[PDB]
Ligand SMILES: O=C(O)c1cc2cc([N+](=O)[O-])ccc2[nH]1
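First, one chain by itself: the form deposited without this ligand, in structure tokens.
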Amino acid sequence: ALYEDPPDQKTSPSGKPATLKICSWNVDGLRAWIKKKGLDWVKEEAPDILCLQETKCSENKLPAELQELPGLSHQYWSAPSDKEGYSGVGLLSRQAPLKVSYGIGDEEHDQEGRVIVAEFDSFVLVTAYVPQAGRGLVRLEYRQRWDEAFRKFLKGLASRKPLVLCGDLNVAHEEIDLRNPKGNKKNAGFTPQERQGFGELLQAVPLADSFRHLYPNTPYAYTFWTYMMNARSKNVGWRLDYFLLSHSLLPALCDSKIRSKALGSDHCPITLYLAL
């Protein structure tokens, strides 16, 4: 139950200082996270790119605080066409990307505001809020098709330029990514279909878990803890937030941090360092 994140390695194995800092954070309501002081933490983090998930807020009700973010002025937003207070993603950046696409191509999937795709010269960054399987595993059939369609979309992106996937992938790949792995082997987040889903995505694009490459056998490292009861205090949680990287980016990986003590959601912020 013990997890204090290691210190920030800001250099590469080749001695190269980190040039890039990406942050990803499911904000369980942008309008409820800004009031509980998350933009302040993001200002103490100084990310070059901030990727926000479950914003549940449309651009028209976008809080005004976003326009007082000085090193994060390029701001791209997605939302569901039908649902309000559902999903919603964000990409705030210091540099203006060459291209900002939204979605994954399959119109069926490009509806709930779950994917922003930003291209830069060295790399394409894709933020995401992957769909749940459901209480009762209802939309689990949907997830499996959605997965084939994201792994195929991202393989063709990685065909052109090195790829960094980040965000809430809604899956604990292995038993080290969750505290109670047996009580949830049939529950949402830890179904065998989705676990195999993750592994197929790692091999197909291909991709590597930024955290499990650097910390291969490090347990108790979680990114989400239920509001039911006091799971974050007894550290009962899951690792659903990740930094998936192209293999051609493992040489530039300095660190993948899980900022556990950053509050304001049911999720904690994850931060990446890269010498690119």
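Counting begins at 1, following the sequence as shown.
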Decide which of the stretches 203 to 211 and 240 to 248 has the higher mean C-alpha B-factor, going by the entry.
203 to 211
Could you check the entry and say whether 166 to 174 or 119 to 127 has the higher mean CA B-factor?
119 to 127
The residue of 27, 221, 231, 49 with the maximal C-alpha B-factor according to the PDB record is 231
With respect to the C-alpha temperature factors reported in the PDB entry, which of 114, 151, 94, 143 ranks highest?
143
Assert third(CA B-factor, residue 160) within chain per record equals highest
The third of the chain into which the C-alpha temperature factor of residue 264 falls is the lowest
Residue 79: C-alpha B-factor third of its chain, per the entry, is the middle
Residue 72: CA temperature factor from the record, placed by chain third, in the middle
Test of reading the entry: by CA B factor among the chain's modelled residues, which third contains residue 1?
middle
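Not pictured, yet referred to below: the form solved in complex with this ligand.
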Using heavy atoms and a 4.5 Å limit, would one call residue 252 a contact residue for this ligand in the deposited bound form?
no
Heavy atom of residue 143 within 4.5 Å of this ligand in the deposited bound form:
no
Does this ligand come within 4.5 Å of any heavy atom of residue 93 in the deposited bound form?
yes
Tell me, yes or no, whether residue 102 is in contact with this ligand in the deposited bound form, where a contact means a heavy atom of each within 4.5 Å.
no
Heavy atoms within 4.5 Å of this ligand in the deposited bound form: which stretch among 198 to 206, 117 to 125, 184 to 192, 144 to 152?
117 to 125
Give me the residue from 57, 49, 27, 245 that has a heavy atom within 4.5 Å of this ligand in the deposited bound form.
49
